[PDB]
>>> print(open('data-v9.pdb').read())   # PDB, C-alpha atoms and all ligand atoms
MODEL        1
ATOM      1  CA  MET F   1     -29.395 -10.392 -16.817  1.00  0.00           C
ATOM      2  CA  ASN F   2     -31.846  -7.634 -16.019  1.00  0.00           C
ATOM      3  CA  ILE F   3     -34.843  -7.026 -13.614  1.00  0.00           C
ATOM      4  CA  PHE F   4     -37.318  -8.491 -16.144  1.00  0.00           C
ATOM      5  CA  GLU F   5     -35.414 -11.732 -16.582  1.00  0.00           C
ATOM      6  CA  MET F   6     -34.752 -11.929 -12.857  1.00  0.00           C
ATOM      7  CA  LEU F   7     -38.487 -11.702 -12.003  1.00  0.00           C
ATOM      8  CA  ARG F   8     -39.571 -14.071 -14.730  1.00  0.00           C
ATOM      9  CA  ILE F   9     -37.308 -16.643 -13.012  1.00  0.00           C
ATOM     10  CA  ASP F  10     -38.651 -15.956  -9.561  1.00  0.00           C
ATOM     11  CA  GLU F  11     -42.363 -15.873 -10.376  1.00  0.00           C
ATOM     12  CA  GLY F  12     -42.771 -18.109 -13.404  1.00  0.00           C
ATOM     13  CA  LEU F  13     -45.362 -17.680 -16.107  1.00  0.00           C
ATOM     14  CA  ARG F  14     -48.882 -19.048 -15.767  1.00  0.00           C
ATOM     15  CA  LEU F  15     -51.638 -18.582 -18.215  1.00  0.00           C
ATOM     16  CA  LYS F  16     -54.478 -19.694 -15.988  1.00  0.00           C
ATOM     17  CA  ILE F  17     -55.624 -18.302 -12.645  1.00  0.00           C
ATOM     18  CA  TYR F  18     -53.788 -19.908  -9.854  1.00  0.00           C
ATOM     19  CA  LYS F  19     -53.021 -19.498  -6.284  1.00  0.00           C
ATOM     20  CA  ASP F  20     -49.936 -18.000  -4.875  1.00  0.00           C
ATOM     21  CA  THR F  21     -47.879 -19.234  -1.951  1.00  0.00           C
ATOM     22  CA  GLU F  22     -50.073 -17.261   0.399  1.00  0.00           C
ATOM     23  CA  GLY F  23     -53.136 -18.597  -1.311  1.00  0.00           C
ATOM     24  CA  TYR F  24     -54.173 -15.573  -3.472  1.00  0.00           C
ATOM     25  CA  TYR F  25     -55.607 -15.662  -6.875  1.00  0.00           C
ATOM     26  CA  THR F  26     -52.774 -14.770  -9.253  1.00  0.00           C
ATOM     27  CA  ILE F  27     -52.237 -14.943 -13.001  1.00  0.00           C
ATOM     28  CA  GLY F  28     -49.296 -14.510 -15.629  1.00  0.00           C
ATOM     29  CA  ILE F  29     -46.029 -13.359 -14.094  1.00  0.00           C
ATOM     30  CA  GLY F  30     -46.711 -12.898 -10.376  1.00  0.00           C
ATOM     31  CA  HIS F  31     -49.715 -10.612 -11.025  1.00  0.00           C
ATOM     32  CA  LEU F  32     -51.836 -10.722  -7.835  1.00  0.00           C
ATOM     33  CA  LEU F  33     -55.444 -10.519  -8.795  1.00  0.00           C
ATOM     34  CA  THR F  34     -57.139 -10.485  -5.330  1.00  0.00           C
ATOM     35  CA  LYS F  35     -57.015 -11.455  -1.710  1.00  0.00           C
ATOM     36  CA  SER F  36     -60.658 -12.543  -1.791  1.00  0.00           C
ATOM     37  CA  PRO F  37     -61.537 -16.206  -1.599  1.00  0.00           C
ATOM     38  CA  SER F  38     -63.849 -15.970  -4.458  1.00  0.00           C
ATOM     39  CA  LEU F  39     -62.689 -17.433  -7.672  1.00  0.00           C
ATOM     40  CA  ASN F  40     -65.435 -15.264  -9.056  1.00  0.00           C
ATOM     41  CA  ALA F  41     -64.142 -12.132  -7.588  1.00  0.00           C
ATOM     42  CA  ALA F  42     -60.774 -13.164  -9.231  1.00  0.00           C
ATOM     43  CA  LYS F  43     -62.327 -13.715 -12.599  1.00  0.00           C
ATOM     44  CA  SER F  44     -63.912 -10.316 -12.220  1.00  0.00           C
ATOM     45  CA  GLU F  45     -60.651  -8.477 -11.481  1.00  0.00           C
ATOM     46  CA  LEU F  46     -59.008 -10.473 -14.260  1.00  0.00           C
ATOM     47  CA  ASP F  47     -61.382  -9.235 -16.977  1.00  0.00           C
ATOM     48  CA  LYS F  48     -61.196  -5.691 -15.655  1.00  0.00           C
ATOM     49  CA  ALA F  49     -57.387  -5.868 -15.848  1.00  0.00           C
ATOM     50  CA  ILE F  50     -57.342  -7.280 -19.440  1.00  0.00           C
ATOM     51  CA  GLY F  51     -60.271  -5.415 -20.895  1.00  0.00           C
ATOM     52  CA  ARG F  52     -62.020  -8.571 -22.105  1.00  0.00           C
ATOM     53  CA  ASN F  53     -63.988 -11.592 -20.975  1.00  0.00           C
ATOM     54  CA  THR F  54     -61.384 -14.158 -20.201  1.00  0.00           C
ATOM     55  CA  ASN F  55     -62.953 -16.960 -18.238  1.00  0.00           C
ATOM     56  CA  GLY F  56     -59.728 -17.123 -16.168  1.00  0.00           C
ATOM     57  CA  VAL F  57     -57.370 -17.751 -19.093  1.00  0.00           C
ATOM     58  CA  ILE F  58     -55.036 -15.250 -20.885  1.00  0.00           C
ATOM     59  CA  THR F  59     -52.414 -15.202 -23.705  1.00  0.00           C
ATOM     60  CA  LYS F  60     -48.564 -14.833 -23.287  1.00  0.00           C
ATOM     61  CA  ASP F  61     -48.820 -11.425 -24.722  1.00  0.00           C
ATOM     62  CA  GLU F  62     -51.495 -10.441 -22.192  1.00  0.00           C
ATOM     63  CA  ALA F  63     -49.348 -11.804 -19.431  1.00  0.00           C
ATOM     64  CA  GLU F  64     -46.468  -9.737 -20.759  1.00  0.00           C
ATOM     65  CA  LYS F  65     -48.426  -6.579 -20.894  1.00  0.00           C
ATOM     66  CA  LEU F  66     -49.410  -7.091 -17.256  1.00  0.00           C
ATOM     67  CA  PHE F  67     -45.792  -7.743 -16.222  1.00  0.00           C
ATOM     68  CA  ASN F  68     -44.578  -4.592 -18.024  1.00  0.00           C
ATOM     69  CA  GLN F  69     -47.175  -2.512 -16.081  1.00  0.00           C
ATOM     70  CA  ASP F  70     -46.170  -4.015 -12.799  1.00  0.00           C
ATOM     71  CA  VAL F  71     -42.427  -3.479 -13.097  1.00  0.00           C
ATOM     72  CA  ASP F  72     -43.088   0.120 -14.137  1.00  0.00           C
ATOM     73  CA  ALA F  73     -45.498   0.567 -11.158  1.00  0.00           C
ATOM     74  CA  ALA F  74     -42.829  -0.961  -8.902  1.00  0.00           C
ATOM     75  CA  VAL F  75     -40.111   1.439 -10.062  1.00  0.00           C
ATOM     76  CA  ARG F  76     -42.419   4.517  -9.830  1.00  0.00           C
ATOM     77  CA  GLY F  77     -43.580   3.388  -6.464  1.00  0.00           C
ATOM     78  CA  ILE F  78     -39.995   3.329  -5.229  1.00  0.00           C
ATOM     79  CA  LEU F  79     -39.218   6.753  -6.653  1.00  0.00           C
ATOM     80  CA  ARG F  80     -42.375   8.205  -5.122  1.00  0.00           C
ATOM     81  CA  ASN F  81     -41.719   6.866  -1.638  1.00  0.00           C
ATOM     82  CA  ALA F  82     -39.954   8.976   0.967  1.00  0.00           C
ATOM     83  CA  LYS F  83     -38.449   5.968   2.666  1.00  0.00           C
ATOM     84  CA  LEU F  84     -37.493   4.019  -0.409  1.00  0.00           C
ATOM     85  CA  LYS F  85     -36.118   6.686  -2.737  1.00  0.00           C
ATOM     86  CA  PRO F  86     -33.005   7.529  -0.862  1.00  0.00           C
ATOM     87  CA  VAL F  87     -31.966   3.965  -0.420  1.00  0.00           C
ATOM     88  CA  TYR F  88     -32.439   3.306  -4.086  1.00  0.00           C
ATOM     89  CA  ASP F  89     -30.482   6.439  -5.153  1.00  0.00           C
ATOM     90  CA  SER F  90     -27.701   5.342  -3.070  1.00  0.00           C
ATOM     91  CA  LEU F  91     -27.343   1.887  -4.730  1.00  0.00           C
ATOM     92  CA  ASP F  92     -25.467   0.395  -7.760  1.00  0.00           C
ATOM     93  CA  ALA F  93     -27.584  -1.023 -10.656  1.00  0.00           C
ATOM     94  CA  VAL F  94     -27.527  -4.698  -9.548  1.00  0.00           C
ATOM     95  CA  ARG F  95     -28.532  -3.979  -5.981  1.00  0.00           C
ATOM     96  CA  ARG F  96     -31.271  -1.710  -7.348  1.00  0.00           C
ATOM     97  CA  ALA F  97     -32.727  -4.702  -9.196  1.00  0.00           C
ATOM     98  CA  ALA F  98     -32.924  -6.395  -5.784  1.00  0.00           C
ATOM     99  CA  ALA F  99     -35.023  -3.628  -4.149  1.00  0.00           C
ATOM    100  CA  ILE F 100     -37.186  -3.676  -7.198  1.00  0.00           C
ATOM    101  CA  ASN F 101     -37.691  -7.468  -6.813  1.00  0.00           C
ATOM    102  CA  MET F 102     -38.817  -7.017  -3.214  1.00  0.00           C
ATOM    103  CA  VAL F 103     -41.182  -4.177  -3.965  1.00  0.00           C
ATOM    104  CA  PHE F 104     -42.746  -6.099  -6.804  1.00  0.00           C
ATOM    105  CA  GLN F 105     -43.409  -9.068  -4.486  1.00  0.00           C
ATOM    106  CA  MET F 106     -44.333  -7.400  -1.247  1.00  0.00           C
ATOM    107  CA  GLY F 107     -45.531  -3.985  -2.138  1.00  0.00           C
ATOM    108  CA  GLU F 108     -44.049  -0.580  -1.340  1.00  0.00           C
ATOM    109  CA  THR F 109     -45.608  -0.520   2.018  1.00  0.00           C
ATOM    110  CA  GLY F 110     -44.178  -3.842   3.058  1.00  0.00           C
ATOM    111  CA  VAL F 111     -40.592  -3.058   1.986  1.00  0.00           C
ATOM    112  CA  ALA F 112     -40.832   0.458   3.400  1.00  0.00           C
ATOM    113  CA  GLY F 113     -41.488  -1.428   6.541  1.00  0.00           C
ATOM    114  CA  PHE F 114     -37.939  -3.052   6.617  1.00  0.00           C
ATOM    115  CA  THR F 115     -36.521  -0.105   8.487  1.00  0.00           C
ATOM    116  CA  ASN F 116     -33.387  -1.545   9.762  1.00  0.00           C
ATOM    117  CA  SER F 117     -32.315  -3.435   6.658  1.00  0.00           C
ATOM    118  CA  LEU F 118     -32.923  -0.271   4.592  1.00  0.00           C
ATOM    119  CA  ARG F 119     -30.619   1.675   6.893  1.00  0.00           C
ATOM    120  CA  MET F 120     -27.915  -0.947   6.547  1.00  0.00           C
ATOM    121  CA  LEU F 121     -28.282  -0.980   2.813  1.00  0.00           C
ATOM    122  CA  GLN F 122     -27.847   2.767   2.625  1.00  0.00           C
ATOM    123  CA  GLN F 123     -24.804   2.615   4.837  1.00  0.00           C
ATOM    124  CA  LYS F 124     -23.546  -0.052   2.417  1.00  0.00           C
ATOM    125  CA  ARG F 125     -23.140  -2.531   5.318  1.00  0.00           C
ATOM    126  CA  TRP F 126     -23.807  -5.598   3.072  1.00  0.00           C
ATOM    127  CA  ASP F 127     -23.322  -8.601   5.305  1.00  0.00           C
ATOM    128  CA  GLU F 128     -25.307  -7.161   8.184  1.00  0.00           C
ATOM    129  CA  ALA F 129     -28.111  -6.152   5.931  1.00  0.00           C
ATOM    130  CA  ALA F 130     -28.176  -9.694   4.534  1.00  0.00           C
ATOM    131  CA  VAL F 131     -28.510 -11.194   7.980  1.00  0.00           C
ATOM    132  CA  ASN F 132     -31.247  -8.775   9.000  1.00  0.00           C
ATOM    133  CA  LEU F 133     -33.274  -9.318   5.849  1.00  0.00           C
ATOM    134  CA  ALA F 134     -33.390 -13.107   6.691  1.00  0.00           C
ATOM    135  CA  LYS F 135     -35.141 -12.392  10.038  1.00  0.00           C
ATOM    136  CA  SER F 136     -38.521 -11.938   8.365  1.00  0.00           C
ATOM    137  CA  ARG F 137     -41.698 -13.808   7.590  1.00  0.00           C
ATOM    138  CA  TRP F 138     -40.817 -13.250   3.832  1.00  0.00           C
ATOM    139  CA  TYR F 139     -37.691 -15.327   4.105  1.00  0.00           C
ATOM    140  CA  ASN F 140     -39.464 -18.004   6.145  1.00  0.00           C
ATOM    141  CA  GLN F 141     -42.340 -18.183   3.719  1.00  0.00           C
ATOM    142  CA  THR F 142     -40.348 -18.410   0.364  1.00  0.00           C
ATOM    143  CA  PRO F 143     -36.751 -19.121   1.342  1.00  0.00           C
ATOM    144  CA  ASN F 144     -35.205 -20.118  -2.050  1.00  0.00           C
ATOM    145  CA  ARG F 145     -36.416 -16.950  -3.774  1.00  0.00           C
ATOM    146  CA  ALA F 146     -35.595 -14.813  -0.679  1.00  0.00           C
ATOM    147  CA  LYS F 147     -32.016 -16.241  -0.627  1.00  0.00           C
ATOM    148  CA  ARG F 148     -31.544 -15.320  -4.243  1.00  0.00           C
ATOM    149  CA  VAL F 149     -32.742 -11.699  -3.669  1.00  0.00           C
ATOM    150  CA  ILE F 150     -30.671 -11.386  -0.507  1.00  0.00           C
ATOM    151  CA  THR F 151     -27.518 -12.564  -2.263  1.00  0.00           C
ATOM    152  CA  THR F 152     -28.132 -10.057  -5.079  1.00  0.00           C
ATOM    153  CA  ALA F 153     -28.310  -7.338  -2.402  1.00  0.00           C
ATOM    154  CA  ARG F 154     -25.278  -8.500  -0.422  1.00  0.00           C
ATOM    155  CA  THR F 155     -23.055  -8.916  -3.497  1.00  0.00           C
ATOM    156  CA  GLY F 156     -24.087  -6.592  -6.305  1.00  0.00           C
ATOM    157  CA  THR F 157     -23.588  -9.626  -8.643  1.00  0.00           C
ATOM    158  CA  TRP F 158     -26.086 -11.854 -10.439  1.00  0.00           C
ATOM    159  CA  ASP F 159     -24.511 -15.044  -9.274  1.00  0.00           C
ATOM    160  CA  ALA F 160     -27.635 -16.470  -7.584  1.00  0.00           C
ATOM    161  CA  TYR F 161     -29.341 -16.262 -10.899  1.00  0.00           C
ATOM    162  CA  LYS F 162     -26.701 -17.858 -13.075  1.00  0.00           C
TER     163      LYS F 162
HETATM  164 CL    CL S 201     -54.254  -3.862 -13.385  1.00  0.00          CL
HETATM  165 CL    CL S 202     -39.069 -20.201  -2.344  1.00  0.00          CL
ENDMDL
END
>>> encode(input="data-v9.pdb", output="structure tokens", more="lines below")
Ligand SMILES: [Cl-]
Ligand SMILES: [Cl-]
Amino acid sequence: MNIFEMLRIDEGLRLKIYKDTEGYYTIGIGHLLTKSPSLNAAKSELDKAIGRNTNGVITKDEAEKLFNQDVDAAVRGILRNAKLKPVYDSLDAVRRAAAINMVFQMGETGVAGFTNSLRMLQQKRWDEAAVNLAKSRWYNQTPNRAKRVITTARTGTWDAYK
């Protein structure tokens, strides 16, 4: 199990524009296209992203290219962030996949926001961090995925995904 397989489980794969849990226009593997209500703005962003006229539909390959860019952007975003970087450096490779999951789903800014949890993670206070992470809109909004991520952080094992 790795970060790519973990995310593919959590986000699914969809070849046609769709709406996320929050209601945003998304495509492929969790790739947020826009927060704008227009399905036309979405189609617009979509073709810009792919480099062709898609009419809201893409191939598996295309979807895979997008996913590769986003994980890379997630990682680089973590490494470039003054709040995130130290937590990350401090962690083992499984736990690291967990911070990467979060950043991919809620953006660098969001996660950088989780001040307290971050501090507990760095101090390697697992249980307490787990509890604190659950006291969030994130957890309330998508609880089954959040539980899986939270367990990965608390444990350093891939249990929740096996
Ligand atoms: Cl893009
Ligand atoms: Cl969920």
>>> closest_residue(input="data-v9.pdb", among="F:130, F:93, F:153, F:49", to="ligand CL 201 (chain S)", atoms="all atoms listed in the file")
F:49
>>> atom_distance(input="data-v9.pdb", atom1="CA of residue 9 (chain F)", atom2="CA of residue 30 (chain F)")
10.5 Å
>>> residues_near_ligand(input="data-v9.pdb", ligand="ligand CL 201 (chain S)", cutoff="9 Å", atoms="all atoms listed in the file", output="PyMOL selection string")
chain F and resi 31+33+45-46+48-50+66+69-70
>>> atom_distance(input="data-v9.pdb", atom1="CA of residue 6 (chain F)", atom2="CA of residue 96 (chain F)")
12.1 Å
>>> closest_residue(input="data-v9.pdb", among="F:88, F:53, F:29, F:159", to="residue 10 (chain F)", atoms="only C-alpha atoms")
F:29
>>> residues_near_ligand(input="data-v9.pdb", ligand="ligand CL 202 (chain S)", cutoff="6 Å", atoms="only C-alpha atoms and all ligand atoms", output="short mmCIF file (atom, residue, chain, number, x, y, z; two decimals) with C-alpha atoms, keeping the file's coordinate frame")
data_model
loop_
_atom_site.label_atom_id
_atom_site.label_comp_id
_atom_site.auth_asym_id
_atom_site.auth_seq_id
_atom_site.Cartn_x
_atom_site.Cartn_y
_atom_site.Cartn_z
CA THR F 142 -40.35 -18.41 0.36
CA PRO F 143 -36.75 -19.12 1.34
CA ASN F 144 -35.20 -20.12 -2.05
CA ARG F 145 -36.42 -16.95 -3.77
#
>>> residues_around(input="data-v9.pdb", residues="residue 72 (chain F)", least_positions_apart="6", cutoff="10 Å", atoms="all atoms listed in the file", output="mmCIF file with C-alpha atoms, in the coordinates of the input")
data_model
loop_
_atom_site.group_PDB
_atom_site.id
_atom_site.type_symbol
_atom_site.label_atom_id
_atom_site.label_comp_id
_atom_site.auth_asym_id
_atom_site.auth_seq_id
_atom_site.Cartn_x
_atom_site.Cartn_y
_atom_site.Cartn_z
ATOM 1 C CA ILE F 78 -39.995 3.329 -5.229
ATOM 2 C CA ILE F 100 -37.186 -3.676 -7.198
ATOM 3 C CA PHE F 104 -42.746 -6.099 -6.804
#
>>> residues_near_point(input="data-v9.pdb", point="(-29.8, -8.6, 7.0)", cutoff="12 Å", atoms="only C-alpha atoms", output="list in words")
residues 114, 115, 116, 117, 118, 119, 120, 121, 124, 125, 126, 127, 128, 129, 130, 131, 132, 133, 134, 135, 136, 139, 146, 147, 149, 150, 151, 153 and 154 of chain F
>>> residues_around(input="data-v9.pdb", residues="residue 20 (chain F)", least_positions_apart="2", cutoff="10 Å", atoms="all atoms listed in the file", output="number ranges by chain")
F: 11, 17-18, 22-27, 30-32
>>> residues_around(input="data-v9.pdb", residues="residue 77 (chain F)", least_positions_apart="6", cutoff="9 Å", atoms="only C-alpha atoms", output="PDB file with C-alpha atoms, in the coordinates of the input")
ATOM      1  CA  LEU F  84     -37.493   4.019  -0.409  1.00  0.00           C
ATOM      2  CA  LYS F  85     -36.118   6.686  -2.737  1.00  0.00           C
ATOM      3  CA  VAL F 103     -41.182  -4.177  -3.965  1.00  0.00           C
ATOM      4  CA  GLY F 107     -45.531  -3.985  -2.138  1.00  0.00           C
ATOM      5  CA  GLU F 108     -44.049  -0.580  -1.340  1.00  0.00           C
TER       6      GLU F 108
END
>>> closest_residue(input="data-v9.pdb", among="F:110, F:148, F:105, F:158", to="residue 21 (chain F)", atoms="all atoms listed in the file")
F:105
>>> closest_residue(input="data-v9.pdb", among="F:38, F:109, F:122, F:101", to="residue 89 (chain F)", atoms="all atoms listed in the file")
F:122
>>> closest_residue(input="data-v9.pdb", among="F:51, F:28, F:86, F:37", to="residue 63 (chain F)", atoms="all atoms listed in the file")
F:28
>>> closest_residue(input="data-v9.pdb", among="F:15, F:91, F:71, F:112", to="residue 54 (chain F)", atoms="all atoms listed in the file")
F:15
>>> atom_distance(input="data-v9.pdb", atom1="CA of residue 42 (chain F)", atom2="CA of residue 76 (chain F)")
25.5 Å
>>> axis_aligned_box(input="data-v9.pdb", around="region 62-80 of chain F", padding_each_side="5 Å", output="lines of an AutoDock Vina configuration file")
center_x = -45.4
center_y = -1.8
center_z = -13.7
size_x = 22.3
size_y = 30.0
size_z = 27.1
>>> build_atoms(input="data-v9.pdb", residues="region 72-92 of chain F", atoms="N, CA, C and O atoms", output="mmCIF file, keeping the file's coordinate frame")
data_model
loop_
_atom_site.group_PDB
_atom_site.id
_atom_site.type_symbol
_atom_site.label_atom_id
_atom_site.label_comp_id
_atom_site.auth_asym_id
_atom_site.auth_seq_id
_atom_site.Cartn_x
_atom_site.Cartn_y
_atom_site.Cartn_z
ATOM 1 N N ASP F 72 -43.052 -1.333 -14.065
ATOM 2 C CA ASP F 72 -43.088 0.120 -14.137
ATOM 3 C C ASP F 72 -43.680 0.712 -12.839
ATOM 4 O O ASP F 72 -43.147 1.652 -12.235
ATOM 5 N N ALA F 73 -44.791 0.131 -12.390
ATOM 6 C CA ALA F 73 -45.498 0.567 -11.158
ATOM 7 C C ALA F 73 -44.583 0.383 -9.989
ATOM 8 O O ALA F 73 -44.580 1.195 -9.104
ATOM 9 N N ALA F 74 -43.787 -0.695 -9.999
ATOM 10 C CA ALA F 74 -42.829 -0.961 -8.902
ATOM 11 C C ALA F 74 -41.757 0.133 -8.804
ATOM 12 O O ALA F 74 -41.513 0.697 -7.727
ATOM 13 N N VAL F 75 -41.134 0.411 -9.959
ATOM 14 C CA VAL F 75 -40.111 1.439 -10.062
ATOM 15 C C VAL F 75 -40.623 2.801 -9.573
ATOM 16 O O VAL F 75 -39.986 3.409 -8.699
ATOM 17 N N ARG F 76 -41.746 3.257 -10.172
ATOM 18 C CA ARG F 76 -42.419 4.517 -9.830
ATOM 19 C C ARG F 76 -42.845 4.560 -8.369
ATOM 20 O O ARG F 76 -42.748 5.575 -7.675
ATOM 21 N N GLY F 77 -43.242 3.422 -7.857
ATOM 22 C CA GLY F 77 -43.580 3.388 -6.464
ATOM 23 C C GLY F 77 -42.354 3.660 -5.605
ATOM 24 O O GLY F 77 -42.420 4.293 -4.558
ATOM 25 N N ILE F 78 -41.217 3.118 -6.008
ATOM 26 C CA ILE F 78 -39.995 3.329 -5.229
ATOM 27 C C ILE F 78 -39.598 4.803 -5.246
ATOM 28 O O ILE F 78 -39.238 5.403 -4.225
ATOM 29 N N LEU F 79 -39.648 5.373 -6.437
ATOM 30 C CA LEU F 79 -39.218 6.753 -6.653
ATOM 31 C C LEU F 79 -40.101 7.757 -5.974
ATOM 32 O O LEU F 79 -39.643 8.835 -5.659
ATOM 33 N N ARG F 80 -41.360 7.372 -5.743
ATOM 34 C CA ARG F 80 -42.375 8.205 -5.122
ATOM 35 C C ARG F 80 -42.434 8.068 -3.604
ATOM 36 O O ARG F 80 -43.191 8.747 -2.934
ATOM 37 N N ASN F 81 -41.682 7.152 -3.057
ATOM 38 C CA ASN F 81 -41.719 6.866 -1.638
ATOM 39 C C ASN F 81 -40.591 7.535 -0.872
ATOM 40 O O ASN F 81 -39.432 7.437 -1.243
ATOM 41 N N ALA F 82 -40.941 8.248 0.183
ATOM 42 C CA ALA F 82 -39.954 8.976 0.967
ATOM 43 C C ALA F 82 -38.995 8.070 1.673
ATOM 44 O O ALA F 82 -37.877 8.457 1.908
ATOM 45 N N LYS F 83 -39.397 6.845 1.991
ATOM 46 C CA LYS F 83 -38.449 5.968 2.666
ATOM 47 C C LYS F 83 -37.541 5.217 1.692
ATOM 48 O O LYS F 83 -36.361 4.973 1.920
ATOM 49 N N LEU F 84 -38.141 4.832 0.596
ATOM 50 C CA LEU F 84 -37.493 4.019 -0.409
ATOM 51 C C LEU F 84 -36.501 4.741 -1.310
ATOM 52 O O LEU F 84 -35.445 4.217 -1.625
ATOM 53 N N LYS F 85 -36.884 5.914 -1.771
ATOM 54 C CA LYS F 85 -36.118 6.686 -2.737
ATOM 55 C C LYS F 85 -34.657 6.932 -2.423
ATOM 56 O O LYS F 85 -33.773 6.825 -3.263
ATOM 57 N N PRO F 86 -34.377 7.262 -1.202
ATOM 58 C CA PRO F 86 -33.005 7.529 -0.862
ATOM 59 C C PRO F 86 -32.161 6.281 -0.823
ATOM 60 O O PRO F 86 -30.976 6.323 -1.043
ATOM 61 N N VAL F 87 -32.742 5.168 -0.460
ATOM 62 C CA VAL F 87 -31.966 3.965 -0.420
ATOM 63 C C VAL F 87 -31.560 3.578 -1.842
ATOM 64 O O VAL F 87 -30.416 3.290 -2.135
ATOM 65 N N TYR F 88 -32.574 3.588 -2.710
ATOM 66 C CA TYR F 88 -32.439 3.306 -4.086
ATOM 67 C C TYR F 88 -31.356 4.175 -4.765
ATOM 68 O O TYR F 88 -30.445 3.666 -5.435
ATOM 69 N N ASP F 89 -31.422 5.491 -4.540
ATOM 70 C CA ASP F 89 -30.482 6.439 -5.153
ATOM 71 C C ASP F 89 -29.121 6.137 -4.780
ATOM 72 O O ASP F 89 -28.192 6.303 -5.579
ATOM 73 N N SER F 90 -29.010 5.705 -3.557
ATOM 74 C CA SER F 90 -27.701 5.342 -3.070
ATOM 75 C C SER F 90 -27.116 4.059 -3.682
ATOM 76 O O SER F 90 -25.933 3.764 -3.462
ATOM 77 N N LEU F 91 -27.909 3.210 -4.333
ATOM 78 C CA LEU F 91 -27.343 1.887 -4.730
ATOM 79 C C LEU F 91 -26.752 1.764 -6.140
ATOM 80 O O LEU F 91 -27.201 2.481 -7.031
ATOM 81 N N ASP F 92 -25.925 0.711 -6.391
ATOM 82 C CA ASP F 92 -25.467 0.395 -7.760
ATOM 83 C C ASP F 92 -26.592 -0.288 -8.574
ATOM 84 O O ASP F 92 -27.636 -0.639 -8.042
#
